[PDB]
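Survey of secondary and tertiary structure
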Amino acid sequence: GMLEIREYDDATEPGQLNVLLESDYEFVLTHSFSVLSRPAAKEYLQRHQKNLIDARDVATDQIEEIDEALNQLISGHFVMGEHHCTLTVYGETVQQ
Amino acid sequence: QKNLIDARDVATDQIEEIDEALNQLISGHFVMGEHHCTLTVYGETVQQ
Amino acid sequence: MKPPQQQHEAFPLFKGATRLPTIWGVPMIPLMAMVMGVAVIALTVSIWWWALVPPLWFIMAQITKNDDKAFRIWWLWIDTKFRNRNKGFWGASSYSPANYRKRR
Amino acid sequence: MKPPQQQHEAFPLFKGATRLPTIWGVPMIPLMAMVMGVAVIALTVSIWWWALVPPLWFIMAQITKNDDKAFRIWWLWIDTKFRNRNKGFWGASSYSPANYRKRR
């Protein structure tokens, strides 16, 4: 029985998917990171910036965060990419 | 937020507080709920 | 237990995720599908039928805003689990392991 | 004594509490009750009687703004302590513990 992630949060705490290591159910996790061009990534981040700035001026989440985000991306400190995670649990009966 | 912002611009109680409130609620840091507290005292006579 | 947790030092994740390339707030590919469909209707029955655009376009905007990638899931389902012929015989959609490409 | 106190670190509590869903500043359920009552009056005696709306509607707005949930308390009282039949006999409203459901 497959499963899917679709809603992140305001965090990327390290190893947040550790809890599925201690599982009682035999499964197969999956990921994908289709690395993406710096112009395209900068355009995606510019889109987020534009959408955010087309609104009320939140004090800090709004401005400086995307300032540093874009400045890092130009200064080469991360590379955006297209991602998807599909945990699939294996079992013997449909209820289980 | 709407009721508050339909008024005079209080400097800090108004804006940034509800900014962070809504941002937490979307970012999953608390879950609102309907609440009521009813202390009931037991005793032996109505005066007491 | 408690494997590594957060203390506000977490690497920021921005919500430019799945902010798909959208015009008027709707992705290009499905809106082009609607344009093709409404154009077909207009050329087929009557020409007063570019009024069919705003209703379904608005419903598509409301669908996309709520759940940004509904159309990709729709197309994947339509292409794979809807095409597979012998859904009824097997009780489920199945693909033969041995490659029977109709050759001998 | 002094159990744990505050030092401005207290978790914020916003005054969206009991900001009930209100139209014109009045909750839906009681305003619908007034609409039903005034409609009854209009259909019963005379049709000039949708002027009975603004007075009581304004008094209800003033009641709700002061004490947001008066109507829920009103309905609870009306349903429970007003229906109970033998208020006079017992000197107070009482419900029999043993379930006498009129059966034998």
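Residues numbered from 1 in each chain as written, not as in the entry; some residues may be left out. Chains lettered and ligands numbered in written order. Part of a larger assembly, values for the part shown. Heavy atoms only, no water. Residues with missing side-chain atoms left out of burial classes, pairs and counts.

For this deposited structure, the header cites cryo-EM as the method used and 4.33 Å as the resolution.

1. Topic: the overall build of chain A
Spelled out, the test is: Only DSSP runs of H or I covering at least 4 residues are called helices, and only runs of E covering at least 2 are called strands; the numbering of each starts at the N terminus. Between the two quantities, the radius of gyration covers C-alpha atoms and the globule rule is 2.2 Å times the number of residues to the power 0.38. Only heavy atoms enter the contact rule, under which two residues are in contact if any of them lie within 4.5 Å.
When you go through chain A residue by residue, the secondary structure sums to two helices and four strands. Over its C-alpha atoms chain A spans a radius of gyration of 18 Å, topping by over 25% the 12 Å that the globule rule assigns to 96 residues. By principal-axis analysis of the C-alpha atoms, chain A measures approximately 50 × 30 × 20 Å. Pairs at least 24 apart in sequence give 100% of the contacts found in chain A among residues at least 6 apart.

2. Remarks on the arrangement of the chains
By contact count, the dominant pairing among the two pairs of chains in contact is that of chains A and C. Contact between chain B and chain C is absent, and the minimum C-alpha spacing across the pair is 11 Å. Across the gap from chain A to chain D, with no contact made, the nearest C-alpha atoms are 18 Å apart.

3. Side note on helix α2 (residues 15-26) of chain B
The line we're drawing: By definition here, a helix of n residues has an expected span of 1.5 Å times n minus one.
Taking 1.5 Å per residue as the helical rise, α2 of chain B with its 12 residues ought to reach 16 Å, and the 17 Å between its terminal C-alpha atoms agrees with that figure. Looking one or two places after α2 of chain B, you find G28 of chain B, whose phi comes out positive at around 65 degrees.

4. Comments concerning the interface of chain A and chain C
Rules: Polar here means any residue outside two lists: the nonpolar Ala, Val, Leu, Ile, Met, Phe, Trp, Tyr, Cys and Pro, and the charged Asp, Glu, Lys and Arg; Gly therefore counts as polar.
Listed per partner, the contact involves eight residues of chain A and eight residues of chain C. A breakdown of the residues in the side of chain A that touches chain C according to their chemical character gives two nonpolar, four polar and two charged.

5. Topic: the environment of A42 of chain C
All names here are of chain C. Locating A42 in the fold gives a position in helix α1 (residues 28-44). Expressed as a C-alpha distance, the spacing of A42 and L52, which sit 10 residues apart in the sequence, is 9.1 Å. Sequence-distant contacts of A42, that is, excluding residues within four places in its chain, are made with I47 and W49.

6. Observations regarding unusual backbone geometry
Even without being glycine, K102 of chain C reaches a positive phi, approximately 70 degrees. The topology assignment puts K102 of chain C in the segment after α4 (87-90).

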